[PDB]
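For reference, the structure is listed below as structure tokens.
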Amino acid sequence: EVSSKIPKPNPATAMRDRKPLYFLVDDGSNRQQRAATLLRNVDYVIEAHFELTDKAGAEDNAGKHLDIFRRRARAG
RNA sequence: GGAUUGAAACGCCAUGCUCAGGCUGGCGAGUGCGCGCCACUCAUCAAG
């Protein structure tokens with residue numbers, strides 16, 4: 001894996017000169033080996049329900065989103 | 001359409017099993033051992 005996030009660039013400064021921007025993965029300390037102890041052959045059933053937020057409009061109702069989600073899940 | 005301690009994340013670059021070394025030197029299948037002792041093709045039937 002990689003050691004650090006890529007830096008935030010300066011767009012205008014980037015092409016004041018013709019130069020590359022990159023992160024070299026295998027350049028010394030940039031390479032970080034990370035192990036993972038992870039699960040196998042999992043299977044879950046999730047029980048959940050909706051709740052309207054302060055951003056909800058008048059036309060927004062929990063039942064409509066519930067049926068939309070059910071349609072999407074049934075159709076894959 | 002804001003957030004699944006998430007979002008991004010090569011084990012990777014390369015390295016003759018090689019150089020070589022008789023399975024050889026030599027050793028009779030051999031000495032010997034009757035297929036042999038006997039046994040009618042024979043008793044008949046013109047040529048037309």
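Residue numbers start at 1 in each chain; chains themselves are named A, B, ... in the order of the structure tokens; ligands are numbered from 1 in the order shown.
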
Counting only C-alpha atoms (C1' of nucleotides), which residues from chain B have an atom at most 10 Å from any atom of chain A, and could you show them as a PyMOL selection string?
chain B and resi 8-12

Identify, with DSSP run on backbone atoms, the residues in segment 11-45 of chain A assigned to alpha helix (DSSP H), and express the list as a list in words.
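So the alpha helix (DSSP H) residues in segment 11-45 of chain A would be residues 11, 12, 13, 14 and 15 of chain A.
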
Selection export as a PDB file, in the first residue's frame, atoms kept: N, CA, C and O atoms:
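part_12.pdb, freshly written:
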```pdb
ATOM      1  N   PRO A  11      -3.822  24.685  -9.229  1.00  0.00           N
ATOM      2  CA  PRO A  11      -4.025  24.522 -10.681  1.00  0.00           C
ATOM      3  C   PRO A  11      -3.217  25.496 -11.519  1.00  0.00           C
ATOM      4  O   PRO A  11      -2.481  25.068 -12.416  1.00  0.00           O
ATOM      5  N   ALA A  12      -3.315  26.798 -11.243  1.00  0.00           N
ATOM      6  CA  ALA A  12      -2.625  27.782 -12.070  1.00  0.00           C
ATOM      7  C   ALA A  12      -1.117  27.567 -12.039  1.00  0.00           C
ATOM      8  O   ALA A  12      -0.448  27.621 -13.076  1.00  0.00           O
ATOM      9  N   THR A  13      -0.563  27.316 -10.852  1.00  0.00           N
ATOM     10  CA  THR A  13       0.879  27.117 -10.737  1.00  0.00           C
ATOM     11  C   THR A  13       1.330  25.871 -11.485  1.00  0.00           C
ATOM     12  O   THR A  13       2.492  25.768 -11.894  1.00  0.00           O
ATOM     13  N   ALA A  14       0.425  24.912 -11.675  1.00  0.00           N
ATOM     14  CA  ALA A  14       0.781  23.624 -12.256  1.00  0.00           C
ATOM     15  C   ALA A  14       1.307  23.731 -13.679  1.00  0.00           C
ATOM     16  O   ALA A  14       2.195  22.954 -14.046  1.00  0.00           O
ATOM     17  N   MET A  15       0.791  24.665 -14.482  1.00  0.00           N
ATOM     18  CA  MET A  15       1.191  24.768 -15.881  1.00  0.00           C
ATOM     19  C   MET A  15       1.902  26.082 -16.187  1.00  0.00           C
ATOM     20  O   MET A  15       2.149  26.380 -17.361  1.00  0.00           O
TER      21      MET A  15
END
```
